[PDB]
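Numbering (PDB author numbering), first residue to last: 587 to 629, 633 to 817.
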């Protein structure tokens with residue numbers, strides 16, 4: 587009934603041309619008992638109902654205990670159905686188990702997620718499943734074991750691709766995450782945003798969005814620290 591881990595979260599979001607409403611969507615929600623779920627998507634009132642619904646489906650498959658290849662082709666089937674061509678939407682989705690700190694990620698697109706553990710910053714990525722096996726949406730499904738203190742950073746394509754005069758976007762983000770010293774999720778969100786906006790001198794070509802989640806021990810409020 588009491589969870590061993592807890593989550594602290596932050597989020598920054600900007601719109602095209604310094605606008606007031608963005609078309610990036612994100613959500614971070616408890617998802618039943620012991621899980622916690624983070625999602626970002628790019629690509633209407635009814636639209637965000639259909640999205641949340643497909644996200645719910647993808648959630649349940651991700652959590653089903655199914656082999657990763659099967660999940661991949663199942664998810665492709667789901668997406669082919671209830672999607673058209675001429676819709677090129679992206680989705681990064683991560684779900685943390687709040688008892689063991691295990692985590693399942695699912696990626697559709699070319700925008701990378703990252704874990705920061707101390708001074709390492711790992712890009713979370715899956716292999717191309719072998720040739721001859723089709724993958725219509727280049728869906729990726731990765732499982733990692735997290736530890737307390739870990740940062741998880743997820744971003745929209747607009748912010749990943751945002752830094753001007755920068756050829757390797759992956760490596761630029763990597764560096765900028767390495768260079769942070771704060772462990773605050775929200776400070777980290779806002780800092781990353783400012784670094785890419787600084788690079789384009791204030792102009793905002795796309796909706797830009799990043800969420801950060803720190804993973805902590807769920808230590809009761811009344812606890813005191815112990816000493817050496």
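Just so you know, even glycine gets a beta-carbon here, dropped at the ideal spot from N, CA and C.
Under 8 Å between C-beta atoms of residue i and residue j
i           : j           : result
residue 682 : residue 598 : no
residue 731 : residue 710 : no
residue 748 : residue 801 : no
residue 685 : residue 763 : no
residue 785 : residue 751 : yes
residue 610 : residue 699 : no
residue 805 : residue 612 : no
residue 647 : residue 718 : no
residue 793 : residue 602 : yes
residue 766 : residue 703 : yes
residue 740 : residue 777 : yes
residue 728 : residue 664 : yes
DSSP-derived helix/strand/coil call for residue i
i           : result
residue 747 : helix
residue 662 : helix
residue 741 : strand
residue 607 : coil
residue 620 : coil
residue 634 : helix
residue 601 : coil
residue 732 : strand
residue 643 : helix
residue 771 : coil
residue 758 : helix
residue 593 : strand
residue 808 : coil
residue 626 : strand
residue 803 : strand
C-beta neighbour in chain D for residue i, strict 8 Å
i           : result
residue 744 : Here there is only one protein chain, and chain D is not present.
Residue i, buried or exposed, once every other Cβ within 10 Å from all chains shown has been counted against 16
i           : result
residue 607 : exposed
residue 687 : buried
residue 723 : exposed
residue 638 : exposed
residue 660 : buried
residue 675 : exposed
residue 817 : exposed
Pick from the options that is closest to residue i, judged by C-alpha positions
i           : options            : result
residue 615 : 600, 593, 603, 638 : 593
residue 788 : 656, 665, 761      : 761
residue 705 : 637, 623, 769      : 769
residue 680 : 738, 763, 697      : 697
residue 629 : 812, 795, 814      : 795
residue 671 : 641, 695, 654, 653 : 641
residue 738 : 803, 663, 601      : 803
residue 596 : 782, 813, 793      : 782
residue 690 : 814, 791, 754, 589 : 589
The ligand MG heavy atom lying under 7 Å from the CB of residue i
i           : result
residue 814 : Only the bare structure without any ligand can be found here, which leaves the ligand MG out of the picture.
Quiz item: Which ranges would you report for the beta strand (DSSP E) in the segment 655–712 if only whole runs of at least 3 residues count?
Solution: The qualifying runs are 679–686, 691–697, 702–706.
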